[PDB]
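Source file entry-v1.txt; content: compact mmCIF, C-alpha atoms.
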# COMPACT_ATOMS: atom_id res chain seq x y z
CA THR F 52 164.94 -126.58 173.77
CA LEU F 53 163.80 -128.30 177.00
CA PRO F 54 162.03 -126.52 179.91
CA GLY F 55 163.79 -126.48 183.33
CA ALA F 56 162.37 -127.02 186.85
CA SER F 57 163.68 -125.78 190.26
CA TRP F 58 163.57 -126.68 193.94
CA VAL F 59 161.21 -124.19 195.65
CA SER F 60 160.66 -123.11 199.28
CA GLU F 61 157.34 -122.20 200.99
CA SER F 62 156.85 -118.42 201.46
CA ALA F 63 154.08 -115.87 200.84
CA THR F 64 156.53 -112.92 200.52
CA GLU F 65 160.09 -114.05 199.63
CA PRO F 66 161.43 -114.69 196.05
CA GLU F 67 162.50 -118.30 196.82
CA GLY F 68 158.76 -119.04 197.43
CA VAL F 69 157.81 -118.28 193.75
CA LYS F 70 157.70 -121.07 191.13
CA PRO F 71 159.84 -120.34 188.05
CA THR F 72 158.39 -119.94 184.57
CA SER F 73 160.31 -121.56 181.67
CA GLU F 74 159.74 -122.45 178.00
CA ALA F 75 160.08 -125.45 175.73
CA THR F 76 160.89 -124.46 172.09
CA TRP F 77 160.65 -125.99 168.60
CA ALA F 78 162.52 -125.12 165.38
CA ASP F 79 162.13 -125.95 161.65
CA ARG F 80 164.44 -128.45 159.82
CA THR F 81 163.71 -128.34 156.07
CA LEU F 82 163.69 -130.38 152.84
CA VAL F 83 164.42 -128.12 149.83
CA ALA F 84 164.34 -129.97 146.51
CA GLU F 85 167.33 -129.05 144.30
CA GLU F 86 168.16 -130.38 140.84
CA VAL F 87 171.25 -132.28 139.69
CA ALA F 88 171.71 -132.61 135.93
CA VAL F 89 173.99 -133.40 132.94
CA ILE F 90 173.79 -133.18 129.10
CA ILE F 91 175.83 -135.68 127.01
CA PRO F 92 176.14 -134.61 123.33
CA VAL F 93 177.21 -137.14 120.62
CA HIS F 94 177.25 -136.98 116.78
CA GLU F 95 174.18 -138.61 115.14
CA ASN F 96 176.41 -140.53 112.66
CA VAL F 97 178.48 -142.03 115.52
CA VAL F 98 175.27 -143.28 117.19
CA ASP F 99 174.14 -144.71 113.80
CA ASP F 100 177.52 -146.45 113.18
CA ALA F 101 178.02 -147.81 116.75
CA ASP X 253 143.49 -121.02 194.26
CA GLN X 254 144.37 -118.76 191.27
CA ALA X 255 143.63 -115.23 192.60
CA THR X 256 145.94 -112.45 193.84
CA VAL X 257 145.04 -111.55 197.47
CA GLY X 258 147.00 -108.77 199.11
CA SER X 259 150.47 -108.98 197.50
CA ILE X 260 150.19 -112.83 197.28
CA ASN X 261 149.74 -114.43 193.83
CA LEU X 262 148.16 -117.73 194.97
CA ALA X 263 148.93 -120.05 192.02
CA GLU X 264 152.64 -119.33 191.59
CA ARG X 265 153.33 -119.23 195.35
CA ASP X 266 151.39 -122.47 195.61
CA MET X 267 148.95 -121.06 198.08
CA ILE X 268 145.17 -121.27 198.60
CA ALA X 269 142.74 -118.91 200.44
CA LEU X 270 139.28 -119.20 202.02
CA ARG X 271 137.49 -115.97 201.25
CA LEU X 272 134.54 -115.44 203.58
CA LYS X 273 131.72 -112.86 203.25
CA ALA X 274 128.33 -111.84 204.63
CA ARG X 275 125.98 -108.83 204.05
CA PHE X 276 124.18 -107.23 207.03
CA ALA X 277 121.90 -104.30 207.85
CA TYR X 278 120.71 -102.63 211.08
CA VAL X 279 117.86 -100.22 211.89
CA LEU X 280 116.47 -98.64 215.10
CA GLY X 281 112.77 -97.68 215.32
CA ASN X 282 113.41 -94.52 217.41
CA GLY X 283 110.15 -92.76 216.34
CA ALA X 284 107.15 -91.33 218.22
CA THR X 285 105.08 -93.28 220.82
CA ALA X 286 101.79 -92.36 222.61
CA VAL X 287 104.02 -90.29 225.01
CA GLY X 288 105.60 -88.00 222.34
CA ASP X 289 108.03 -87.65 219.41
CA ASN X 290 111.75 -88.62 219.10
CA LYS X 291 111.62 -91.35 221.80
CA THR X 292 114.63 -93.73 222.11
CA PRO X 293 113.97 -97.47 222.86
CA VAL X 294 117.45 -98.00 224.43
CA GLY X 295 118.98 -97.26 227.86
CA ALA X 296 122.61 -97.93 228.87
CA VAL X 297 124.59 -98.73 232.04
CA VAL X 298 128.19 -97.44 232.02
CA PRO X 299 131.26 -97.31 234.35
CA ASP X 300 132.90 -94.05 235.53
CA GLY X 301 136.18 -93.28 233.65
CA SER X 302 137.71 -91.64 236.78
Would you write out, as C-alpha cells, the structure that this file holds?
Amino acid sequence: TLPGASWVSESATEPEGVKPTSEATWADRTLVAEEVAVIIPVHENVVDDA
Amino acid sequence: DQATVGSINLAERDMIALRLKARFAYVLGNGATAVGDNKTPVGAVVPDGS
C-alpha cells in the first residue's frame, strides 16, 4: 500500500489546518517448496532382456 | 516546533512558537530607623476619584 498526501490550509484552530497521517504497508509473498514425484515399476527380466 | 501550546499542536499544524520567560523577586526594607519601628520608605501622590 502507498501513503497519501493532501492539500492543507493554514489555521491554528480549524480541521483543514491539520496535516493528515497515513501509512505505507508491506505484505509477505512466499516460496513454499512442494514435491512432484513418480515411480515406474518394470519386471527385472524385461530389463535384463531389453 | 514540536510542543502543544494552548490547544495548538505545533508540528501537525505546521506552527512554531517563541516561548519567553524570566524570574523576578521584590523586597521592601520597611523596618525600624533611628526614629522608631515599622517605618515605611515610600510616599505616594494620588488624584481624587470624585
Task: Close residues, residue 61 in chain F itself excluded, 8 Å, only C-alpha atoms, min 5 positions apart in chain, as a ChimeraX atom specification - done: /F:67-68 /X:265
TODO: Please determine the contact residues of chain X with respect to chain F at a cut-off of 12 Å, counting all atoms listed in the file, and supply them as an NGL selection string.
DONE: :X and (256-269)
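For the pair CA of residue 291 in chain X and CA of residue 278 in chain X, the interatomic distance is 18.0 Å.
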Write out as lines of an AutoDock Vina configuration file an axis-aligned box for range 72-85 of chain F: all of its atoms listed in the file, 5 Å added on each side, centre and edge lengths in Å with one decimal.
center_x = 162.9
center_y = -125.2
center_z = 164.4
size_x = 18.9
size_y = 20.4
size_z = 50.3
- [ ] For residue 78 in chain F, please output as number ranges by chain all residues within 9 Å (counting all atoms listed in the file; exclusion window: fewer than 2 positions along the same chain).
- [x] F: 52, 76, 80
Open item on the list: I'd like the interatomic distance between CA of residue 56 in chain F and CA of residue 75 in chain F, to a tenth of an Å.
Closed with: 11.5 Å
Which residues come within 10 Å of residue 280 in chain X, counting all atoms listed in the file, excluding same-chain residues fewer than 5 positions away, as a short mmCIF file (atom, residue, chain, number, x, y, z; two decimals) with C-alpha atoms, in the coordinates of the input?
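Everything below was put into out01.cif:
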data_model
loop_
_atom_site.label_atom_id
_atom_site.label_comp_id
_atom_site.auth_asym_id
_atom_site.auth_seq_id
_atom_site.Cartn_x
_atom_site.Cartn_y
_atom_site.Cartn_z
CA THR X 292 114.63 -93.73 222.11
CA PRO X 293 113.97 -97.47 222.86
CA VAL X 294 117.45 -98.00 224.43
#
Open item on the list: Could you tell me how far CA of residue 272 in chain X sits from CA of residue 253 in chain X, in Å to one decimal place?
Closed with: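 Value for the CA of residue 253 in chain X-CA of residue 272 in chain X distance: 14.1 Å.
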